[PDB]
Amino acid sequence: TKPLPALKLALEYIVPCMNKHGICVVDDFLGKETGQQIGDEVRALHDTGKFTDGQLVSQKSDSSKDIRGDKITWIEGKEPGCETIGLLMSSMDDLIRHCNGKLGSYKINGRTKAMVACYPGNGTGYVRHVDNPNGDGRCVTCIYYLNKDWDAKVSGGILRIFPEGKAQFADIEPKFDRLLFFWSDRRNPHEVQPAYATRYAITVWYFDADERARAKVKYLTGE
């Protein structure tokens, strides 16, 4: 029965994995039935025109589409039609709360809303980037993939991560019911390689309390 007990998965797998490698994959996170329900909720968001072009933290002159080709919407988890996405978010949060004080030196107190994202085939992807390069509070990226029948050799869409200090990169296929964690800072630059079929994923970013407070102070003072 999935999801697995959070305490053991967090302390005996996620924590040591994250501290050693900065990247952790949990396959078959919620099971087929729940994963399919999430897929249907995501496809209904897509079908009803909720997605908008993905955006960047800062922009000068470049079109966002020369950088990221996905379309997204932000989900709080309590919206009608998003109940199973809410269960996913609650399950991610459960894991993080069982990791309190054990993920590096971070104190994780909060997170973003969920970013439901679609790369609509057609070779769309995301150029090599860092999720939080300049201290905006994000310390852990958590992604759930929902692509049933994804054949990455044909459809592409691999997330390639270049973890600092390793002799090989980490290729993450966007597999159905796969959960991924990685450090959001400069230790993990990464690319979404071009996707040739419709590719869905849901991301939440967890905040380190002290860094996020400093970032909010900068925003609220116009700096």
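In this text, residue numbers run from 1 along the sequence as written. The term rigid core refers to the maximal set of C-alpha atoms that superpose within 1.5 Å between the two forms.
> Could you say which moves further from this form in 5 other deposited structures of this protein, stretch 147-155 or stretch 105-113, by root mean square CA distance after aligning on the core?
Output: 147-155, the stretch lying farther off on average in 5 other deposited structures of this protein.
> Quick check: by Cα RMS after rigid core superposition, does 133-141 or 118-126 differ more from this form in 5 other deposited structures of this protein?
With the rigid core superposed, the C-alphas that lie farther in 5 other deposited structures of this protein are those of 118-126.
> On average, which has the higher Cα B-factor in the deposited entry, 55-63 or 170-178?
The deposited B-factors put 55-63 ahead on the C-alpha mean.
> Using only C-alpha atoms and the B-factors in the entry, which stretch averages higher, 41-49 or 189-197?
Mean C-alpha B-factor is greater for 41-49.
> Highest Cα B-factor in the PDB entry belongs to which of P133, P80, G110, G125?
Max CA B-factor in the entry, restricted to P133, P80, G110, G125: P80.
> In terms of CA temperature factor as recorded, identify the highest of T84, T141, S90, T73.
Of the options given, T84 has the highest CA B-factor in the PDB entry.
> How does the C-alpha B factor of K153 compare with the rest of the chain: lowest, middle or highest third?
For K153, whose C-alpha B-factor we compare with every modelled residue in the chain, the answer is the highest third.
> Which third of the chain does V26 land in by C-alpha B-factor: lowest, middle or highest?
Middle third by C-alpha B-factor.
> Lowest, middle or highest third: where is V116 by C-alpha B factor in its chain?
Tercile = lowest for this residue's CA B-factor.
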